[PDB]
Amino acid sequence: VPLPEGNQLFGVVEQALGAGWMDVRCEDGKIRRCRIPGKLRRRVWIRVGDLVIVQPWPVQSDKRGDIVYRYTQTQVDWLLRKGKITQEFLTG
Amino acid sequence: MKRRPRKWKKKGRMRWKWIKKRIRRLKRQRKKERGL
Amino acid sequence: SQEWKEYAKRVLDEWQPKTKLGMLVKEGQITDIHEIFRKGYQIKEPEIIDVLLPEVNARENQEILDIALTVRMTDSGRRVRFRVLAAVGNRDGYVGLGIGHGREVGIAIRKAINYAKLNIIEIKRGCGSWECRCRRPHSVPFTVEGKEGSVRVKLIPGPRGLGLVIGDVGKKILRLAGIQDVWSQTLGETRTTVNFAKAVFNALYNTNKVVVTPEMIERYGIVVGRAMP
Amino acid sequence: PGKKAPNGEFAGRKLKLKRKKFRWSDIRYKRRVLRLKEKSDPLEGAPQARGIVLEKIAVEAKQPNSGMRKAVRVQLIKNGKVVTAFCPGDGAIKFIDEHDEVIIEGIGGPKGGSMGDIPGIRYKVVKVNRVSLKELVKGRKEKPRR
RNA sequence: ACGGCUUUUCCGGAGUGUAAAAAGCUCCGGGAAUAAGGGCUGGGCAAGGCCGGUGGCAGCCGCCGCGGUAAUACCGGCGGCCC
RNA sequence: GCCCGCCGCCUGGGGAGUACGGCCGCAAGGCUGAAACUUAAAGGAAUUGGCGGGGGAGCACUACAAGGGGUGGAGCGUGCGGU
Ligand SMILES: [Mg+2]
Ligand SMILES: [Mg+2]
Ligand SMILES: [Mg+2]
Ligand SMILES: [Mg+2]
Ligand SMILES: [Mg+2]
Ligand SMILES: [Mg+2]
Ligand SMILES: [Mg+2]
Ligand SMILES: [Mg+2]
Ligand SMILES: [Mg+2]
Ligand SMILES: [Zn+2]
């Protein structure tokens with residue numbers, strides 16, 4: 001339900017790299033090696049192909065970022081119906 | 001090589017004989033790259 | 001001292017001895033604490049020491065050296081047991097050391113105090129330091145050694161007024177025996193309290209194993225048992 | 001093994017040689033005499049140093065602890081090297097900004113190294129723009145030059 | 001809280017001191033007046049089983065270890081300990 | 001074990017018997033041998049349990065063997081997951 005606020009933007013998980021590292025495709029047509037904060041790492045399980053919010057790192061904000069929130073099925077369905085995001089971004 | 005009989009114990013490590021073989025393989029390569 | 005006289009009288013009447021030495025003490029054939037040593041008797045009744053050395057029951061003459069709890073493993077969990085190490089003495093010439101076990105702390109303490117009385121010994125005191133030649137029984141009369149487990153202890157005579165230069169366990173044990181000044185040297189693992197205490201106890205016992213001449217008794221002021229001014 | 005040797009009255013030379021030979025197996029003695037710490041110390045034997053802050057970072061705690069520790073990268077003025085320094089206190093990282101100058105010192109762990117659940121960090125910040133950081137964290141003082 | 005006392009120290013003077021000064025020292029007048037901080041508080045290691053915040057976050061931690069909504073261990077109040 | 005001699009070797013775990021230099025060997029290799037950095041244990045002997053595709057002794061139709069009757073396929077009664 002919460003939306004990106006600032007430099008944050010959506011993203012689609014592509015492949016997990018191990019040791020809490022994911023490979024997320026963002027809305028600006030860039031692939032980023034993203035790091036999962038440990039606070040939500042322990043309680044929220046993330047799997048390839050999900051809509052998430054990613055904030056790029058302050059330095060070298062082109063290939064690194066942090067994942068802050070995961071969108072459930074109802075939230076992504078509501079977003080698709082509202083029209084803030086399209087279907088081809090999710091499906092690739 | 002020098003003997004370290006503490007290395008032959010198997011708890012928490014691989015077999016010493018094969019570590020020795022790996023080291024010797026790695027030393028041949030450095031020797032051959034030196035003469036070139 | 002006055003209270004302990006009537007305490008000893010009270011214990012003496014309502015006691016039914018079970019052994020030979022107990023029978024001798026009850027009958028009045030043995031009257032002093034020194035008469036039960038150096039002849040091979042067995043000591044199995046704690047009332048003997050109560051009648052003959054009543055002041056080992058004073059609160060100030062007893063010491064709880066340590067308390068530990070140990071575990072035995074079972075398919076239904078861990079079973080806990082207590083071990084208590086204790087010592088007693090009369091602050092004059094006699095001392096004892098004991099260990100007790102139990103399901104709870106109080107039982108263990110009671111048994112440890114009980115076994116310490118059965119392990120009583122008498123020692124020798126005097127003055128043998130190069131820089132104090134005063135002939136008064138405030139230290140050990142000569143260098144002695146003892147050992148237990150990995151612990152080795154050497155006790156060295158010291159000048160009057162120096163204090164007990166030794167770890168705390170040794171301090172308590174030597175204080176209960178009536179010794180005021182000593183130097184020491186140790187080897188091994190002193191953090192194992194049981195072995196440390198036993199090593200000091202053995203070193204004290206070994207004062208009886210050193211051969212001496214009548215001249216030496218006069219020179220070092222050697223006193224056996226009670227000082228008796 | 002037999003009796004310790006040599007014990008002879010006229011064998012002083014060999015005895016002194018033996019003790020000198022086996023003293024080099026002592027790591028404390030070898031590092032002092034060869035001056036190994038002096039050759040690699042970025043602080044050059046000083047107890048404190050002055051540097052410039054390059055960026056802020058966060059470091060994860062060692063297992064089994066959980067949390068993030070706030071640190072900075074510092075470039076030393078005396079020799080140009082870059083080290084990492086921890087910022088102690090609750091909310092202390094707010095009083096640091098990029099391009100500030102700081103005074104750093106050792107963190108006080110075993111053998112003059114790191115401590116606790118943050119290995120890899122050997123220093124901590126003491127002053128910021130010539131004002132004590134402990135004061136700023138408690139209050140009682142305000143950071144100058146805005 | 002009442003009643004009394006003293007003036008090292010503090011304020012204002014005379015002498016002595018000093019190459020000249022300043023300190024110091026002997027007297028005189030006024031008056032309890034002018035004067036306490038730093039660290040620690042789970043064990044090692046002396047000292048709280050109290051209250052309010054935070055909730056594996058923020059933080060502490062020489063070492064061992066605390067913190068996961070009922071924290072004697074973090075932040076603050078009130079107590080207490082060492083110098 | 002108690003004593004009288006001489007020589008060799010060791011000084012927490014790893015990095016490492018490695019890198020660099022030297023000598024020896026046709027070659028394969030041998031002898032000599034650091035540091036930056038990393039880490040709070042690594043290592044020994046013995047104890048109580050639990051486990052073994054280790055041994056022995058015993059036991060059970062919620063085990064087998066010898067048997068009697070079935071459930072699993074259809075429609076329906078009822079409980080559960082999912083939607
Ligand atoms: Mg060995
Ligand atoms: Mg069982
Ligand atoms: Mg033995
Ligand atoms: Mg407090
Ligand atoms: Mg205490
Ligand atoms: Mg070579
Ligand atoms: Mg069955
Ligand atoms: Mg059957
Ligand atoms: Mg059916
Ligand atoms: Zn004396």
Side-chain angles (χ1 to χ4, degrees), chain A residues 37-43 73, chain B residues 1-13 16 19-35, chain C residues 70-81 149-150 168 189 191, chain D residues 1-11 14-15 17-19 21-31 34-42 58-71 81 86-94 106-122 124 134-135 137-140:
Chain A
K39 312 174 184 177
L40 64 94
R41 88 158 190 256
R42 183 68 273 168
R43 313 72 180 282
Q73 207 275 349
Chain B
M1 295 189 188
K2 296 193 171 197
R3 315 299 279 149
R4 273 197 188 120
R6 188 179 174 108
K7 279 279 202 304
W8 314 340
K9 292 176 179 179
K10 209 63 191 320
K11 178 186 170 187
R13 64 182 71 88
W16 158 252
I19 295 181
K20 196 177 182 172
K21 213 187 187 75
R22 239 151 78 158
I23 291 180
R24 273 171 181 166
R25 282 170 186 154
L26 185 57
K27 274 166 75 179
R28 279 195 201 92
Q29 191 179 344
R30 293 169 180 155
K31 185 188 186 301
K32 162 183 303 186
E33 285 169 10
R34 170 196 331 267
Chain C
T70 56
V71 174
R72 173 169 55 85
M73 204 79 160
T74 68
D75 56 37
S76 290
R78 299 169 164 87
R79 302 286 197 184
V80 176
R81 195 190 189 208
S150 76
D168 280 347
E189 184 63 77
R191 289 175 295 188
Chain D
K3 196 184 168 183
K4 213 211 328 194
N7 195 40
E9 183 176 16
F10 297 107
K14 183 75 161 58
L15 186 50
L17 258 312
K18 160 189 180 185
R19 181 54 50 215
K21 180 212 208 318
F22 287 120
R23 206 180 180 190
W24 286 100
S25 303
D26 184 355
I27 188 63
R28 288 193 309 283
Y29 169 79
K30 174 175 181 171
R31 283 180 63 86
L34 299 179
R35 309 189 52 188
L36 291 177
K37 162 153 191 186
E38 290 80 341
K39 189 184 179 184
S40 295
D41 184 20
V59 189
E60 302 183 328
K62 259 195 58 160
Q63 297 292 339
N65 291 352
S66 291
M68 309 287 296
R69 277 79 181 91
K70 275 65 178 175
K81 299 184 174 302
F86 170 73
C87 303
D90 191 308
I93 194 62
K94 300 178 54 183
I107 204 163
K111 300 197 280 184
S114 59
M115 61 83 56
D117 59 352
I118 24 180
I121 304 186
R122 298 177 186 172
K124 61 179 180 176
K134 231 180 184 197
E135 297 296 275
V137 160
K138 298 310 189 59
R140 318 179 187 186

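Below, chain A is the first sequence line, B the second, and so on; all start at residue 1. Only heavy atoms go into these numbers, but all of them, side chains included; no hydrogens, no water, no symmetry mates.
- Among the heavy atoms of the strands lying under 4.0 Å from B:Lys7 are primed sugar atoms or P, OP1, OP2 only; no base atom is included.
- Put simply, CE on B:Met1 is 9 Å from P on F:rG29, counting in whole angstrom units.
- Scanning for ring pair (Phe, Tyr, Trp, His ring centres under 6.0 Å) contacts around D:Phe22 gives an empty result, with sequence neighbours left out.
- Within the 4.0 angstrom heavy-atom criterion, only backbone atoms of the sugar-phosphate kind lie near D:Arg122; the bases stay farther away.
- For D:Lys3 and F:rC3, the shortest distance from a side-chain N or O to OP1 or OP2 is not below 4.0 Å.
- The salt bridge (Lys or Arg N to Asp or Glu O under 4.0 Å) check on C:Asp168 picks up C:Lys171, with sequence neighbours excluded.
- Scanning both residues, D:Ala71 and D:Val59, for their nearest heavy atoms gives CB-CG2, 4.5 Å.
- Rounded to an integer number of Å, the gap from CH2 of B:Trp16 to P of F:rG14 is 12 Å.
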For nucleotides 70-73 of chain E, tabulate all protein N/O to nucleotide N/O atom pairs closer than 3.5 Å, reporting atom names and distance.
none

Per-nucleotide pairing state of RNA chain E [Watson-Crick or G-U, under 3.5 Å; [ ] pseudoknot-crossing; | other strand]:
.........(((((((.......)))))))......(((((((....[.[[[[.....[[..))]].......]]]]])))))
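- Residues satisfying the salt bridge (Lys or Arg N to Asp or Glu O under 4.0 Å) test with D:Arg122, not counting sequence neighbours, are none.
- A positive value of the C1'-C2'-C3'-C4' dihedral assigns F:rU71 to the north, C3'-endo side.
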Base contacts versus sugar-phosphate-only contacts with protein, heavy atoms under 4.0 Å: please encode nucleotides 40-47 of chain F as B, S and - from 5' to 3'.
S-BSS---
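- Within the nucleic acid shown, D:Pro119 comes within 4.0 Å of sugar-phosphate atoms alone, with no base atom in reach, counting heavy atoms only.
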Please tabulate the protein-to-nucleotide N/O contacts below 3.5 Å involving nucleotides 43-46 of chain E, giving atom names and distances.
none

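- Rounded to an integer number of Å, the gap from D:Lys14 NZ to F:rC6 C1' is 9 Å.
- Rounded to the nearest Å, the gap between the P atom of E:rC51 and that of F:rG49 is 45 Å.
- When rounded to the nearest whole Å, the span between CG of D:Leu15 and P of F:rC7 equals 10 Å.
- Here D:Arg31 lies in heavy-atom contact (under 4.0 Å) with sugar-phosphate atoms only.
- When both pairing distances are held under 3.5 Å, F:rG82 makes no Watson-Crick or G-U pair with any nucleotide shown.
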Quick test: give all pairs of protein nitrogen or oxygen and nucleotides 76-79 of chain E nitrogen or oxygen below 3.5 Å, distance rounded to 0.1 Å.
none

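- We find that NZ of D:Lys39 is positioned 16 Å from P of F:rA34, with the value rounded to whole Å.
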Below 3.5 Å is the cut-off: list the nitrogen or oxygen pairs between protein and nucleotides 19-23 of chain F, distance only.
{"unit_1": "F:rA19", "atom_1": "OP1", "unit_2": "B:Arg30", "atom_2": "NH1", "d": "3.0"}

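- Across all strands shown, F:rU18 remains unpaired; no Watson-Crick or G-U wobble contact has both distances below 3.5 Å.
- Rounded to an integer number of Å, the gap from NZ of B:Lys21 to P of F:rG17 is 17 Å.
- F:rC64 is unpaired under the Watson-Crick or G-U wobble criterion, no partner having all donor-acceptor distances under 3.5 Å.
- C:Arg191 is linked by a salt bridge (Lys or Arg N to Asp or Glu O under 4.0 Å) to C:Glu189, counting only residues two or more places apart in sequence or in another chain.
- The closest side-chain heavy-atom distance from C:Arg72 to C:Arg78 is not below 4.5 Å.
- If you check F:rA42 for Watson-Crick or wobble pairing at under 3.5 angstrom, you find it has no partner at all.
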Pull out every protein N or O sitting under 3.5 Å from an N or O of nucleotides 38-42 of chain E, one pair per line with the distance.
none

How would nucleotides 57-62 of chain E be written as a contact map, 5' to 3', with B for base contact, S for sugar-phosphate-only contact and - for no contact, using protein heavy atoms under 4.0 Å?
SSBBBS
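- F:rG50 atom P lies 11 Å from atom CZ of C:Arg72, rounded to whole Å.
- Proximity of B:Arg24 to B:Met1: side-chain heavy atoms (C-beta onward) are separated by under 4.5 Å at one or more points.
- Summarising the geometry, the separation between CZ on B:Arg24 and P on F:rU18 is reported as 9 Å, rounded to the nearest angstrom.
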